[PDB]
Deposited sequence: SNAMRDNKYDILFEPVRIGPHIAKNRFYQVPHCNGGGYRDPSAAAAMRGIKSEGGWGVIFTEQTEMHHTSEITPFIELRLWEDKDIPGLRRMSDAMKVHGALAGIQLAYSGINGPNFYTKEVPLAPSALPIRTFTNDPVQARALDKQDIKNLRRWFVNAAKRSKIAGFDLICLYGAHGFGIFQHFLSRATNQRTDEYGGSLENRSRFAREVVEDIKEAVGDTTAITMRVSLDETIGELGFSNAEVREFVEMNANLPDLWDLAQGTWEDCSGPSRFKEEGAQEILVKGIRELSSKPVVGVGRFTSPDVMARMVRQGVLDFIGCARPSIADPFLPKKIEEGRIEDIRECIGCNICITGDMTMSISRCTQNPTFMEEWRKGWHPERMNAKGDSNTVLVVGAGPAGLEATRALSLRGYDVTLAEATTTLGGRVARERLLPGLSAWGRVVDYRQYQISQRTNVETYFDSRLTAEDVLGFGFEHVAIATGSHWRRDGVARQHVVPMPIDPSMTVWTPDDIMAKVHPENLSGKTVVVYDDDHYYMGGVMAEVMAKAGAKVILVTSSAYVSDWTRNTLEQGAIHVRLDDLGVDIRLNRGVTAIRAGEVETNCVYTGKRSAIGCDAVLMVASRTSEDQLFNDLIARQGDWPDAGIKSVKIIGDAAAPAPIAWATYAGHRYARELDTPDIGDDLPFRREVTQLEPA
């Protein structure tokens, strides 16, 4: 390990504790929370193995009078909640990390749909959520504030019993009661908790003092904030968690910061900017990031691509995925691990057909298991859809999905890669490899079928119609000045907006038509949706919402208002159709059709994975490839579940 990285492995004090290094996994959600607690705990345990010196839970609701159901985070309302949390703290500490819990009172962000308590805030206003929920908060009175302090102390004591070394008060992102007292928008009080900055930070100071009094002898208190608050409270917590100028200059307390390169980390510390390197998503993509820097294996780091698929798992309450790391939140469920494969079985040879994200991850994971792997790719480029999409506006970071796998595979002696090999069933049978994985991808459809239409729509064949594949292959003229292009987006994730930007940059007049109330609808779950709308408007794109396309005509499209059914035409010179995709499965069907020749050929099994099985986002393809590698040679489970799961404990 190069000496410029040694500073990252110096110990750092946090209140009564010492962290073994500067790698600090900040609180982050995972889609399991209080529903899937053994999954969350084991995931935290993998961070412990990975070398993180500090590990935090997601936010934990510390009282039944404020909660944000349907979101699933953690709860610490009663003694019942301690065992699940104790399992998490235990896992954090096995390999030397400090165990942290984040406590939250959502305040004016919590409608209390589950508990049905009256919501409480500094001032009486409508609740503030993503979804315009139809309830208001009551203004806290003085006795409420005393209770709220007591409730935080109660949760701190339970946190000690649950085995946590650090408590973080969630006061960032405009979320929670600490932000609400600090903000003059939400805190319009005129008593001693409002008005002056000293009054607006009184609650925060009273909570911290009360917690220090109760457990400060064994437990550190951190404050996470998103700045005169500094001069006045420089030494209030044991640690400032920033989600700088004065905190560094006025406070004797350590600081952690986040910001999605070991050289940058070391410089931030060397230059006196940070004491701790805070990470959420980089630790999800690579839980062993600290360990790989410690051992000088910087070339083996799996980089976050910033797709925010992990966030969609919290927004859909469904256990988060990571595009780069398919083992994320599958450690307890399936025994998967980001740096260890299960032992090789009895078979020896595998053919992987197609070098997209699915085939690439299958190849990487199988070779690490010990199989001899041949990867056949029909074109002269690795990466499949990622090699093509990475060239589109705003998607270049996704190339790390290929580059990581290309690099890892290049280091393996048990992998051979063939380009220009569009395999037939005859080819595959001739090779006599024992197991075949068909990862042959998919194509965007030309017949308009997706959601609005389930059978081909009326299309005049004189209209120019491009799919995203045509655009990626540069079928369209480089210069579209003078032309109007309707982008029909019945996909509702990212491709429609990306295609509209390609057309915009080519000089077209661009009209984006989507049946949804939102452009790039599902990117609401990645929190990107607002910025996408603004970029398209800045590009001059004309956004037509709540509007389907019922027919493509000679010089126009017919459209429908999705509520009323009323129809109207939009003139255009071409239609860029972003409908849905059809699996490329002919080769698989050809091999299944000749299943009888397999034994003679030496083929034991043929499976179809990734987009060739069922089109989905890229993270589903890396997942399917990893799953194929994990399941090869494992025994039949019949009708058993391939994952563990916990259910509700019946009260007696």
**Complete:** According to the entry, C-alpha coordinates are missing for deposited residues 1-4, 231-245, 263-284, 302-303, 696
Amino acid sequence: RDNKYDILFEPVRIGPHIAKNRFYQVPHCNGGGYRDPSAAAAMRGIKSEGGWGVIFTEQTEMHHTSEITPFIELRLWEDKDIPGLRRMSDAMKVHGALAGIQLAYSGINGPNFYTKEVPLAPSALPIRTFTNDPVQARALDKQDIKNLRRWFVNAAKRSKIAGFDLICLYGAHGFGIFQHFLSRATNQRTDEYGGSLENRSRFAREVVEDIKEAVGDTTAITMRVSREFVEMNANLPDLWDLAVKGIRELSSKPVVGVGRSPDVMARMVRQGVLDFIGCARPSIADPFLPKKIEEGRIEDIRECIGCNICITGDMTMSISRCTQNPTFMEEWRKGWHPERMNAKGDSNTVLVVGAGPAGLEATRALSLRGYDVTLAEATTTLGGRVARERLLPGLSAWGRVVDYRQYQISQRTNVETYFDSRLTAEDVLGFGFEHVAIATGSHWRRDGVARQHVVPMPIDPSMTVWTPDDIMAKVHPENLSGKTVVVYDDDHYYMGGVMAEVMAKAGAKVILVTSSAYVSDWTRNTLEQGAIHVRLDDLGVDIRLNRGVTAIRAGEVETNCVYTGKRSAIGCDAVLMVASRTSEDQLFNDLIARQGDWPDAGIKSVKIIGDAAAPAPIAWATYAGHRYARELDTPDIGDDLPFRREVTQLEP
From here on, numbers count along this sequence of modelled residues.
**Item:** Stretch with the greater mean C-alpha B-factor as recorded in the entry, comparing 76-84 against 227-235
**Value:** 227-235
**592-600 versus 622-630 - which carries the larger mean C-alpha B factor in the record** = 592-600
**Asked** Of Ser283, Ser106, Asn560, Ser251, which one's C-alpha B factor is largest in the deposited record?
**Response** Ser251
**Asked** Of the options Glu294, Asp489, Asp447, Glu330, which has the highest CA B factor as deposited?
**Response** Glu294
**Request:** Would you mind checking where the Cα B-factor of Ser605 ranks among the modelled residues of its chain, as the lowest, middle or highest third?
**Result:** highest
**Item:** Cα B factor band for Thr222 (lowest, middle or highest third within the chain)
**Value:** lowest
**Message:** Among the modelled residues of this chain, does the Cα B factor of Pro615 put it in the lowest, middle or highest third?
**Reply:** middle
**Asked** Among the modelled residues of its chain, does the C-alpha B-factor of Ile14 lie in the lowest, middle or highest third?
**Response** lowest
**Item:** Third of chain Cα B-factors occupied by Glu377
**Value:** middle
